[PDB]
Amino acid sequence: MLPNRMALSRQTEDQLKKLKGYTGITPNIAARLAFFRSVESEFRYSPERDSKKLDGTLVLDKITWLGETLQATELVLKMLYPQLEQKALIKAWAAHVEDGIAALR
Amino acid sequence: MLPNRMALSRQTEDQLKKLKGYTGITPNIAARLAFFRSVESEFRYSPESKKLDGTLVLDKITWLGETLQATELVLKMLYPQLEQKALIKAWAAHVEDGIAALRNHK
Amino acid sequence: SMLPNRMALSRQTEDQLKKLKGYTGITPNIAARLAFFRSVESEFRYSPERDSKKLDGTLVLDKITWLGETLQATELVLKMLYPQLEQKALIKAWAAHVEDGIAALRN
Amino acid sequence: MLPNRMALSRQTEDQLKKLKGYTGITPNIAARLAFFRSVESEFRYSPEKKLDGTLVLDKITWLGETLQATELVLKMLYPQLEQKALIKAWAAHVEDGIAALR
Amino acid sequence: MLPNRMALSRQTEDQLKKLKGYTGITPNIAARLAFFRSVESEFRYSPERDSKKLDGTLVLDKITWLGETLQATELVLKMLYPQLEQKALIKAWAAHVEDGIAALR
Amino acid sequence: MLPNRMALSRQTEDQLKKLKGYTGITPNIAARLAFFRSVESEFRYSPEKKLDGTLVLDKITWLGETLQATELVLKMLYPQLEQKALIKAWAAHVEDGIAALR
Amino acid sequence: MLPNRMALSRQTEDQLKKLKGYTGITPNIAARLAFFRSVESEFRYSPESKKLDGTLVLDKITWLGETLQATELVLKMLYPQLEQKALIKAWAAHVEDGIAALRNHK
Amino acid sequence: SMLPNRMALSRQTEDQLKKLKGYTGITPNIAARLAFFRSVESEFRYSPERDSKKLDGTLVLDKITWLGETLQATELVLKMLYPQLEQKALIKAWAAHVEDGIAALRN
């Protein structure tokens, strides 16, 4: 399942920062909304072709990232990645946040 | 996606008002809470179906506030086929089931 | 985390949270945060050998619902004030503090 | 007790601005996260340094809804420290916490 | 134009109170939203058949009722009731709030 | 100065509950509106009465973002009144303000 | 009504970012402010028409927050005929005109 | 109302409001409210015969935008502190207070 703390990639963090400056939305709230936007599009994560590293500056607590959407987020990851282990599941979460935020255009 | 204007069944709404008598929490907030409590259990909506005769028909936004995105997403994930008249009953079934699932067995 | 994923307050407490909401805009879960901290910065302290208080509140809400952004802080205060207590007792301690904090609004 | 108004060191301010540069996270919210992350770790302040930050802010502005917890934590760890030095204990934890946030 | 202070009817006030208990929404915010809901339906106010009195308990300041939607509200009243005077215009505003809130069903 | 914690009279509390009964407006927000409506009118407190209300609330809970204005208004009108009586001046304006709100 | 996802033209967005350089106000909030300032003047949108090449495409809600209801209502009142692709340009024209109308002549 | 429907701050002030937002979440208009009141509960007082301050801020915002729910309160404070001032001077007085209140956050 999901670990106590995680980080996004730098590539993702920077886009969250731009979104922060354009809208009021804080990186954690924005990462939640981007996750939802991504999971309801065609984008799906696959381990055998992931190479991107979570080199992000901010390593927040799971509860801080996900707030009162934790259970809903863990449900979604569970349905879409039934066979991934904790280390892959973080990548999928992060890949989804990257995709969702990228889609802001 | 969910229609712009939604309503719960009369019992569910009645039970939210009961919950408001004991705590001070308002029906719309209580419903956000119940929806998510429900969703983490094993409850799934099966059309069979309740008619939506709650006294108020409110905006999607008044109902769900900042939980609107997660709410729509969970529904889309669990009931991808259901249109709009069916989705609102999916949402409504989850609220009602979550109310009993928020209840302290004392 | 030594507080569980979800917990309830007492009936006595819930009812006082409701009334504060009546007079103020303050929602029960936010008032619980405020009550906890006004209690914890005073002299009141939970102790397990003086506890005949049943947590018979109506609602078992998620920890995140109750605590919100004050979660980490709350759990750190509880750990420091109550190092020897087990989960069962930590819930009673958190609840006792919410009750004490909110009782401080009568007379 | 913690004084009504306080600043970080310039260095720790710049460290908070750095984090905002990378993420958009707000210095004062970052400072709350740092503080508790630092305390939970076993880091501790001992005299052995200069609070020359740009901004002095109301104690409530820095800490918001974490004020009580912060004040209570500081009194428990540093029951001897007087006003002047409680700021430096808080400032030290913020700085350590920022490393712990990464 | 609109006067410094006004009141709704008791009939309207009570429905705002029920909406307050059902949702978080305060009577003034709710009166704004109900105004918008009403003005975009078929309902239109007419003086020669109004008899309802604004017997409301709360006589708030215009700015309190309308907040940062004042200019938008006064634009709408202006377009829909170009010939009404202050005393009629309050009735139209109030009639619209009544209609909008009633429409919650 | 206004004390950290205060109550209305029972009577004025009930008057605030009455308003909530009719409208849903929140006693403490009603109290802020009343206060300023009363002061703007020419109503004024003179000793010549009992604050036996149910709820005692933090000064910040009553007044929120109007605290400063309220405290400044009270000092200007009643520069002589001491803590004990500033509450009764505030309570009197709230009660008068409620009549003025209707 | 307005589409779920909207964008300003590039100049308007550029001018909002300039406004952010001087004050700290964010583009979305500044746009709420500019829209209403615009609407109280005599400016009306005439299709002729700007293409919407702003760097971000955001949700209606992120853009308008609690002003969404008044915003949609004003547009419905002033441009009852315009569909959806046209409404967003109506909104966008108002933001741009309101920015100059929020500007202090110093 | 003797404050106009809309007003501007000085450039100097706007810039300090922006920086406070940088460090805190606090939006410029909310900070203006807070600055005004922290200024007005102190010793600072506007006086027209000592005023070479041009209000050259970028934005002319609505009074309601600036003041919000604090409107009535603000206007009542200004009326009591500045009974003899005309609208033109009341704006300068409100602005001077916002500047003073916000300057109090350096060193």
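In the PDB archive, X-ray crystallography is given as the structure determination method for this entry, at a resolution of 2.50 Å.

Chain C appears in the PDB entry as DNA sulfur modification protein DndE from Escherichia coli.

Per the PDB entry, chain B carries the name DNA sulfur modification protein DndE and comes from Escherichia coli.

Before going further, it helps to examine the overall build of chain C. Helix and strand counts for chain C come out as five helices and two strands. Along the three orthogonal principal directions, the C-alpha set of chain C runs to about 40 × 30 × 25 Å. When burial is assessed residue by residue, chain C has 61% of its 107 residues classed as buried. In chain C, of all internal contacts separated by at least 6 residues, the share reaching a separation of at least 24 is 85%. For chain C, the computed accessible surface area is about 4,800 Å², with 51% contributed by carbon and sulfur atoms. Across chain C, the 16 positively charged side chains and the 13 negatively charged ones have centroids separated by 4 Å.

The helix and strand inventory of chain B stands at five helices and two strands. Element order for chain B, N to C, with α for helix and β for strand: β-α-α-β-α-α-α. Its C-alpha atoms give chain B a radius of gyration of 13 Å, within 12% of the compact-globule value 13 Å for 106 residues. Counting only C-alpha atoms, chain B reaches 40 × 30 × 30 Å along its principal axes. The buried share of chain B, taken over its 106 residues, is 55%.

In this section: the arrangement of the chains. With no contact formed, the shortest span from any C-alpha in chain C to any C-alpha in chain E equals 9 Å. Chain A makes no contact with chain H; the smallest distance between any of their C-alpha atoms is 9 Å.

Next up on the list: the nonpolar core. Core analysis: the largest hydrophobic core is formed by 273 residues, its most contacted members being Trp91 of chain B, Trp94 of chain C, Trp90 of chain D, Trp90 of chain F, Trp91 of chain G together with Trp94 of chain H. When near neighbours in sequence (up to four residues on either side) are disregarded, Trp90 of chain D contacts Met6, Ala7, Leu8, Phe35, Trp62, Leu63, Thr70 and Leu74 of chain D.

Moving on, we come to the interface of chain F and chain H. Across the contact, 10 residues belong to chain F and 10 residues belong to chain H. Carbon and sulfur atoms make up 81% of the surface buried where chain F meets chain H, a total of about 1,100 Å² over both sides. The tally of links between chain F and chain H comes to one residue pair in polar contact. Elements with a contribution of two residues or more to the side of chain F that touches chain H: α2 (27-40) and α4 (67-77) of chain F. Element by element, the count of residues in the side of chain F that touches chain H is highest for α4 of chain F, at six residues. Here the side of chain F that touches chain H is composed, by residue class, of seven nonpolar, one polar and two charged.

Looking now at the environment of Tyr22 of chain F. Within the secondary structure layout, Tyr22 of chain F lies in helix α1 (residues 10-23). Sequence separation between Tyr22 of chain F and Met1 of chain F is 21 residues, and the spatial gap between their C-alpha atoms is 34 Å. Every residue in contact with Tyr22 of chain F, bar those within four places of it in the chain, is listed here: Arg10, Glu13, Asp14, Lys17 and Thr57 of chain E.

Glancing now at the interface of chain C and chain B. Chain C puts 17 residues into the contact, and the matching count from chain B is 15 residues. Between chain C and chain B, the buried area comes to about 1,400 Å², and carbon and sulfur atoms account for 53% of it. Linking chain C with chain B are two salt bridges, by the criterion used here. Taken together, the links from chain C to chain B amount to eight residue pairs in polar contact. Within the residue set of the side of chain C that touches chain B, elements represented by two or more residues are α1 (11-23) and β2 (61-62) of chain C. Tallying contributions element by element places α1 of chain C first for the side of chain C that touches chain B, with five residues.

Here the structure, examined in full by the defined rule, presents 26 aromatic pairs over all chains. Each ring, one from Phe35 of chain E and one from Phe36 of chain E, has its centre 6.1 Å from the other, and the planes form 80°; the classification is edge-to-face. Comparing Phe35 of chain E with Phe36 of chain E, the two get one shared label, buried. Between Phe35 of chain F and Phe36 of chain F the ring centres are 4.9 Å apart and the planes differ by 90°, which places this aromatic pair in the edge-to-face class. By relative accessible area, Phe35 of chain F is classed as buried at 1%. Through a chain of ring-to-ring contacts, three or more aromatic side chains come together here, namely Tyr22 of chain A together with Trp63 and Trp91 of chain G.

The next subject is unusual backbone geometry. Positive phi is not limited to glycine here, since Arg105 of chain A has a value of about 115°. You can see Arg105 of chain A is positioned in the segment after α5 (86-102).

Close approach of charged atoms lets side chains of opposite charge pair. Inspection of the entire model under this criterion finds 48 salt bridges over all chains. Residue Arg5 of chain A is joined to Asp61 of chain A by a salt bridge in which the shortest nitrogen-to-oxygen separation is 2.9 Å. Of the two residues, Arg5 of chain A sits in strand β1 (residues 5-6) while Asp61 of chain A sits in strand β2 (residues 60-61), which places them 56 residues apart along the sequence. Residue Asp61 of chain A is classed as buried on the basis of its relative accessible area of 19%. Among the charged side chains, a network of salt bridges with common partners joins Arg37 and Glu40 of chain B together with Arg6 and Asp62 of chain C.

In this section: helix α2 (residues 27-40) of chain B. Residues and elements named next belong to chain B. Along its 14 residues, α2 runs 20 Å from first to last C-alpha, staying within 8% of the 20 Å computed at 1.5 Å per residue. A large share of α2 lies buried, amounting to 12 of its 14 residues. For α2, the set of buried residues is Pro27, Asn28, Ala30, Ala31, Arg32, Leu33, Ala34, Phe35, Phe36, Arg37, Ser38 and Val39.

Residues and elements named next belong to chain G. At their nearest, the axes of helix α2 (residues 27-40) and helix α5 (residues 87-102) sit 7 Å apart, and the two run at 85° to each other. Taken together, the axes of α2 and α5 are roughly perpendicular relative to one another. Facing α2, whose interface residues are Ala30, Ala31, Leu33, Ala34, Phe35, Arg37, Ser38 and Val39, α5 presents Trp91, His94, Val95, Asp97, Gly98, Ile99, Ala101 and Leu102. Tallied by class, residues from the contact of α2 with α5 come to 11 nonpolar, three polar and two charged.

The next subject is the environment of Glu48 of chain F. Residues and elements named next belong to chain F. The residue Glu48 is located in the loop between α2 and β2 (57-58) in this model. Taking the relative accessible area as the measure of exposure, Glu48 reaches 75% and is therefore exposed. Of the polar contacts made by the side chain of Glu48, one reaches the side chain of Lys49; its length is 3.0 Å.

Calculation notes
- Residues numbered from 1 in each chain as written, not as in the entry; some residues may be left out.
- Chains lettered and ligands numbered in written order.
- Heavy atoms only, no water.
- Helix = DSSP H or I, 4+ residues; strand = E, 2+ residues; numbered from the N terminus.
- Buried < 20%, exposed > 50% of the residue type's maximum accessible area, 1.4 Å probe, protein only.
- Contact = heavy atoms within 4.5 Å.
- Areas by Shrake-Rupley, 256 points an atom, 1.4 Å probe, with all protein chains shown as cover.
- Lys, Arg positive; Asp, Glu negative; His and termini not counted.
- Charge placed at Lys NZ, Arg CZ, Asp CG, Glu CD.
- Rg over C-alpha atoms; globule rule 2.2 N^0.38 Å.
- Core = buried A, V, L, I, M, F, W, Y, C linked by side-chain atoms within 4.5 Å.
- Buried area = accessible area lost by both parts, 1.4 Å probe.
- Polar contact = N/O pair within 3.5 Å; in protein donor to acceptor, adjacent residues only side chain to side chain.
- Nonpolar A, V, L, I, M, F, W, Y, C, P; charged D, E, K, R; others polar.
- Salt bridge = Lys/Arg side-chain N within 4 Å of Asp/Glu carboxyl O.
- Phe/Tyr/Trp six-rings, centres within 6.5 Å; stacked < 30°, edge-to-face > 60°.
- Expected span 1.5 Å × (residues − 1).
- Axes fitted to C-alpha atoms, helices over the stretch in contact; angles between N-to-C directions.
- Parallel < 35°, antiparallel > 145°, perpendicular 65-115°, else oblique.

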